[PDB]
Each structure stands twice: as C-alpha cells, then as structure tokens.
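Add 6 to the 1-based position in the sequence shown for this note's numbering, that's all there is to it. Note that beta-carbon positions come from the ideal geometry of N, C-alpha and C, so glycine has one too.
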Amino acid sequence: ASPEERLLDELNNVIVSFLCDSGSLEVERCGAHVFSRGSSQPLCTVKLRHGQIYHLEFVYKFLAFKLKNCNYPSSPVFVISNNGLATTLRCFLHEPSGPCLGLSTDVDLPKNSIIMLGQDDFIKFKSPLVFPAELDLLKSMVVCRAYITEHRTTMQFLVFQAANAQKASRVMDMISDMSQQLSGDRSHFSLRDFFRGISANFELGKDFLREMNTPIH
C-alpha cells in the first residue's frame, strides 16, 4: 500500500501545514481502512487550543481537491467534539448519539456535543454574510477560533477576507503562474488551478492565508 500511503501522507501534511500558521500544532495520525467505505477511522486528530484560529475551509477544500484528483468518490468530513477534557478536530475522508450542532457565529460546545462540517457548509455559512462576488474561497474563507476555558467551550466561526486587494491579487498571480508552468491568462483561473499551484509550492499557500486576514463587517 505505497500509493495509498503517499496520498494519506500528503493529506495529513496539508492539515499540518495549513490548519494554523504558528506554534506547536498537536496533530495525531493513525489502519488500511481510512479510505474504506463505511469505516469510522479518521485520517488524523488535532487537539484544539484556546485562542487559536483554524483554517477549516481552506484545508477542507484542499483535501477535497486531492481526493478528486485520485478518483476517490467521497468528500471529507470534519468533526469537532468536546469530551469534557479537550476539544478535538477529527478529519475523516468520508462520512463516518450526542447532540450534533450546526454552523453559526458562536457554537457553544458542551461535553459530548459535536459539530459536523461538510462540503457545502462553508458556502452556506458565508452566503448571507458576503456579496455574491466574494462567495468563493479565493475571496472569503471561513475559519474557526477556538474558545476553550474550564467553564465554557465555544467554536467561533468567522469569515476572513484580504484587507489589501492588490497584494491578494499578486499572490493569485504567483499561484496562477505556477499552475500555468506545470501545465505549459487570468480568465480560466479555477479552484483547481489554485490548489495545483499551491501543491507545487506550499509557500504560496502560506502567502494566501497570510493575506486573508480581516474579518468581514
């Protein structure tokens, strides 16, 4: 299982590289049944940390892109759950009880409750908050700021955009040019081209996340 192992390696390392942007990230991986239909094996588990921001939409869509490139039919699922000792993010490569909560600006997350995030949940969250031209991940991205205290756990979902439109556009140019060089104009630039370019140089992904820094009003 080397082709499988390489893909699983890459998927885990997308999370490691892009879920945050600073500090020690506590990412645990673990069975030959991560891809198997009907399995409840997550790819990895991440302990969330008070005050940190997690780039859920970007990582989600990056994982979805790699899976479709490998002809894998399922789309990932993120599960945030609080067991009373800690809040974790579990990244499943497919859909795998306690109250299951939906996305909103402030999701109180008591013990034994979960939040499930899937393919269209980020667009549904953004849809009423941003104008149509800003709806795509390239312009507006959903993040999660963790609020974890002894007396309350709360997942705070925010939409971030670039404050500097010119610098954001310059990063897009670099990514587009990287995609064009791998395949050998701006009018065709797609989410696939975006992740193809970032796949070739992760630093371009870091550049994008760095510019997507301002919560919407």
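Asked, Found
"Just confirm the distance between the C-beta atoms of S146 and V177, as a whole number of angstroms; I'd bet it's less than 8 Å.", "The Cβ separation is near 15 Å, so there is no contact."
"Does DSSP put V65 in a helix, a strand or coil?", "helix"
"Once you ignore the five residues that flank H56 on each side, which residues in its own chain have a CB closer than 8 Å to its CB?", "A152, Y153, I154, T155"
"Do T111 and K53 have their C-beta atoms closer together than 8 Å?", "no"
"Which word fits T159, buried or exposed, when buried means at least 16 other C-beta atoms lie within 10 angstroms of its C-beta?", "buried"
"Which full runs of the alpha helix (DSSP H) of 4+ residues lie inside the stretch 71 to 107, going along the chain?", "none"
"Return yes when the Cβ of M184 is within less than 8 Å of the Cβ of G211, no when it is not.", "no"
"What is the DSSP secondary structure of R151, reduced to helix, strand or coil?", "strand"
"Can you give me the start and stop residues for the beta strand (DSSP E) that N118 sits inside?", "Looking at the DSSP string, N118 is not in any beta strand (DSSP E), and its letter there is neither H nor E."
"Taking 8 Å as the cut-off, decide whether the C-beta atoms of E63 and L115 are in contact.", "no"
"Quick one: give me the first and last residue of the beta strand (DSSP E) that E156 is part of.", "Note, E156: premise wrong, no beta strand (DSSP E); not H, not E."
"When the Cβ atoms of the stretch 89 to 108 are set against those of the stretch 37 to 46, are three or more pairs found closer than 8 Å?", "yes"
"What residue range does the alpha helix (DSSP H) around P9 cover?", "8 to 24"
"Comparing alpha-carbon positions, which option in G37, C106, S28, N170 lies nearest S119?", "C106"
"To the nearest angstrom, how far is it from the Cα of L135 to the Cα of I222?", "8 Å"
"Just to confirm my understanding: we take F68, look at its own chain, exclude 5 residues before and 5 after, and list those with CB closer than 6 Å. What are they?", "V20, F201"
"Just the C-alpha distance for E32 and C50, rounded to the nearest angstrom, thanks.", "10 Å"
"Enumerate in chain order the residues of its own chain whose CB-to-CB distance from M161 is below 7 Å, with the five nearest sequence positions on each side excluded.", "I86, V113, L115, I121, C150, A152"
"DSSP three-state label for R192, please.", "coil"
"If you measure between the beta carbons of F195 and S182, is that distance less than 8 Å?", "yes"
"Are the CB atoms of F24 and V65 within a distance shorter than 8 Å?", "yes"
"Between the C-alpha atoms of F128 and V148, what's the straight-line distance to the nearest angstrom?", "6 Å"
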